[PDB]
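Worksheet: one structure, shown below.
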Amino acid sequence: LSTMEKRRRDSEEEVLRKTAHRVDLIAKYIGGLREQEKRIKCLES
Amino acid sequence: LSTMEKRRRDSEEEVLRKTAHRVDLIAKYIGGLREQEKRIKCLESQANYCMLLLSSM
């Protein structure tokens with residue numbers, strides 16, 4: 001069972017699915033996260 | 001052997017997996033940066049609040 005499941009994990013199609021999901025997660029949050037980098041520098045001063 | 005090596009390296013599946021790992025690191029760091037930015041925003045707001053009363057002398 002362990003081996004079959006490790007094979008299911010390392011499956012290429014699921015790898016692509018996971019990667020695409022992560023990139024979309026980037027697009028949602030990091031898509032908005034890359035903002036106000038200079039705000040901390042402007043206010044801290 | 002160098003030829004077989006170069007072939008093993010540029011193998012498409014290896015490309016995909018190296019890409020996956022790089023994306024893993026980048027996305028984890030993006031989440032961490034989001035959390036740290038939230039915490040820093042809270043800290044700067046509180047410091048700007050308190051310094052007004054703790055002004056000087």
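Here Cβ is always computed from backbone atoms with ideal geometry, including for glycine, and neighbour counts include all displayed protein chains. Bear in mind that the values in this text are calculations on the coordinates, not laboratory data.
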_Please go through the stretch B:22-50 and give me each residue that is of a type in the set (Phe, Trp, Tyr) and surrounded by 11 or more Cβ atoms within 10 Å (Cβ to Cβ), ordered by number._
B:29
*Complete set of residues in the stretch B:22-43 that are within 10 Å of another protein chain (Cβ to nearest Cβ) and either touching a helix residue (DSSP H, G or I) at 6+ places or on another chain (Cβ under 6 Å) or aliphatic (A, V, I, L, M) (or both)*: B:23, B:26, B:27, B:30, B:33, B:34, B:40, B:43
_Report every pair of residues separated by at least 6 positions or lying on different chains whose Cβ atoms are under 9 Å apart, first residue within the stretch A:24-45 and over 16 Å from residue B:33 (Cα atoms), second surrounded by 11 or more Cβ atoms within 10 Å (Cβ to Cβ) and among the acidic types (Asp, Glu)._
A:43/B:44; A:44/B:44
*asked:* Name the single residue that is nearest to residue A:15 (Cα to Cα) among those in the stretch B:1-21 being loosely packed, with under 10 Cβ neighbours inside 10 Å and within 14 Å of chain A (Cβ to nearest Cβ).
replied: B:13
